[PDB]
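Shown here is one chain on its own, the form deposited in one PDB entry, set out as structure tokens.
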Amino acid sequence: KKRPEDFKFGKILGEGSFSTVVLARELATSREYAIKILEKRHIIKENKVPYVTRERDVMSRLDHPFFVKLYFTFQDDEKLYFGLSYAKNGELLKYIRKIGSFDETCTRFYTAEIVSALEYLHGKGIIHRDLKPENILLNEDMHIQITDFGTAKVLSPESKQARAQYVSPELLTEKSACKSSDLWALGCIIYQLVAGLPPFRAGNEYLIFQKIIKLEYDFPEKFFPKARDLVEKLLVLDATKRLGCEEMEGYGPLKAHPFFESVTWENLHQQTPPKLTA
């Protein structure tokens, strides 16, 4: 078992739900991990601290190339520690501030990795509920690493549902989430990769929420036609009519959409990602 003294702790990578993720270097190996630290003082019923109880065991057991993984755990008198994948290259959409919108080859590749990751997650009955560019990190090899900050939920077999710019209308109109809520988020992400901006934009959050529920958005003139078609098929108010959803025959029709022509879905993790720039 590892212990706190085996690492040199660096900067904070992220924080939420009484959990702080810190960059750490393993002294013996020079390997870097993102170690999540929870103070035992905060583990009380009223706080609903994630990853302490059994309801997230299926998430903790994931061993997929596109999700940050749990490698080890340990504890001391005051804290719980969870060693997670470190995604060296940070947030995927961070390149937009320099480079602007992604080209079709790069959009197709990164969209395929996200779709492949969501298919796997949904196949385990897990819904993310807060999928956004901030949660799509990139490792040293430039492959995606999707993070959860305690929003993901395992659905029960008895229900296909569970209780701003990337939020689906059902999370706004009926305060519920389903697998299809994540496909709405995917539609927003694809649009942002291509356009360089998210689809629902307005003067403030209140107005953005109105645009979402009314489907008030437009495409710029330069939007790749196959990507436009795909986005229109994901950004549908009725959650049962989104491409990829259970009621629309699942992932096959989504992975077979013309936007994904030439994609080799089985080896995306082994392919060299296309460079965003030389």
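The term rigid core refers to the maximal set of C-alpha atoms that superpose within 1.5 Å between the two forms. Residue positions are given as counts along the sequence shown, with the first one as 1.
There is another form of the same protein, the form deposited in another entry; it is not shown, and what comes next is about it.
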From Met248, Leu70, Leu234, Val49, residue displaced between the shown form and the other one - CA threshold 2 Å or more, rigid core: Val49
Rigid-core frame, C-alpha of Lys79, shift of 2 angstroms or more between the shown form and the other one: yes
Displaced residue check between the shown form and the other one: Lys40, CA, 2 Å or over, core reference: yes
Core fit, then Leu215 C-alpha moves 2 Å or more between the shown form and the other one: no
Direction of the Cα shift between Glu55 and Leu70 in that other deposited form, where the change is 3 Å or more: closer
Pairwise C-alpha change, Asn135 versus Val58, in that other deposited form against this form - closer or farther, 3 angstroms or more: closer
